[PDB]
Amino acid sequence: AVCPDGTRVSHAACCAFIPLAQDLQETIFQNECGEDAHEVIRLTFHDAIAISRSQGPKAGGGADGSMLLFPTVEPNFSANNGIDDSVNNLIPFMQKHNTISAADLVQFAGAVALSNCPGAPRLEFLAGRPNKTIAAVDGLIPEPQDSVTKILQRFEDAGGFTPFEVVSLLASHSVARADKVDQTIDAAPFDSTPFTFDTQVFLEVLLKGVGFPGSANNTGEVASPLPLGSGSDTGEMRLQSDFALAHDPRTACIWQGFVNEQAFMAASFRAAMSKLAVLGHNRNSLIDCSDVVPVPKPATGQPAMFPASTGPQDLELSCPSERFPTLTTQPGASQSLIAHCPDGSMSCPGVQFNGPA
């Protein structure tokens, strides 16, 4: 087909997503892998995972836009703390681009947001999800303090995800920060390159922890290897769950396998996301609008490296059957501060709308 902008799309139904992509970029993303983009990528996951095979349809419909359709319900569950911001930022587009369902909107937005992160893959995007569903039940969102067994069971029950797919999905923590784990500090990065979709997170979680970014008494948080922060440049935080998955016999080798394996990591994430994005739907009933997802930003192609002040001596390895690669170390005696803004500064407030959530 061909859209009113000359763009030759696959199916005429996909044409509506072109104006939406432009509006999302211009209004809330500004073509960067920033705060607003990160929040949306997280929403994509919280919307999709609220489904349960064992409990049945009444428990939740998966990737159905329930967070937007029932804004006063799920956003208020403990495990969803902080999701309100992404919901309120997306509602205005729902009302505007009213030919696209809340569910399609959520998934597409995440695909657009991710394309702003260098190294991220171009996600598959299928459209046609219904604009009607039910509010999900509490307890279907995995938490930081959960054990590996509980986590793996949750993903299996949601959509038959194997442990390999679960680890692959955590590649998103390479462009993630925390605002609610510790209430004394904001935007504490999970890896040293929070604006880059690379393998640093897999490497950095394997390093010995030496301190904490803020308080040392937070549920679901463990010692970080790069806690130093000054002003707005908050230090790195480490989640119990990420730590646990990096050292459990079931997932240890998978986790290590992604260190310095950029192409493998990106492809595995794309694969796992294809499944996640259609939870609660039959993919044979959705149209393929992938050619409408923006081309992602390319990476520089540099290998993973130990950040300044850490080295091979600081690794806590758990995979006995695979050789850890030889990586270089960035020069310096002390830890460098992790930039709060992608441009380098400390002042870069994102757009935020008031809403019902």
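All residue numbers are counted from 1 along the displayed sequence.
K.L.:
Using only C-alpha atoms and the B-factors in the entry, which stretch averages higher, 25 to 33 or 323 to 331?
P.N.:
Per the PDB record, 323 to 331.
K.L.:
Do the C-alpha atoms of 68 to 76 or of 213 to 221 have the higher average B factor in the entry?
P.N.:
The entry gives the higher C-alpha B-factor average to 213 to 221.
K.L.:
Please work out which residue in 185, 166, 279, 175 has the highest C-alpha B-factor recorded for this crystal structure.
P.N.:
That would be 185, according to the entry.
K.L.:
Using the temperature factors of the C-alpha atoms in this entry, rank residue 294 within its chain: lowest, middle or highest third.
P.N.:
Middle third - that is where residue 294 ends up once the chain's C-alpha B-factors are sorted.
K.L.:
Sorting the chain's CA B-factors, does residue 146 end up in the lowest, middle or highest third?
P.N.:
CA B-factor rank for residue 146: middle third.
K.L.:
Classify residue 44 as lowest, middle or highest third according to the C-alpha B-factor given in the PDB entry, relative to its own chain.
P.N.:
Within its chain, residue 44 is a middle-third residue by C-alpha B-factor, going by the deposited values.
K.L.:
Sorting the chain's CA B-factors, does residue 193 end up in the lowest, middle or highest third?
P.N.:
Lowest third of the chain for residue 193's C-alpha B-factor.
K.L.:
Would you mind checking where the Cα B-factor of residue 270 ranks among the modelled residues of its chain, as the lowest, middle or highest third?
P.N.:
According to the entry, residue 270 has a C-alpha B-factor in the chain's middle third.
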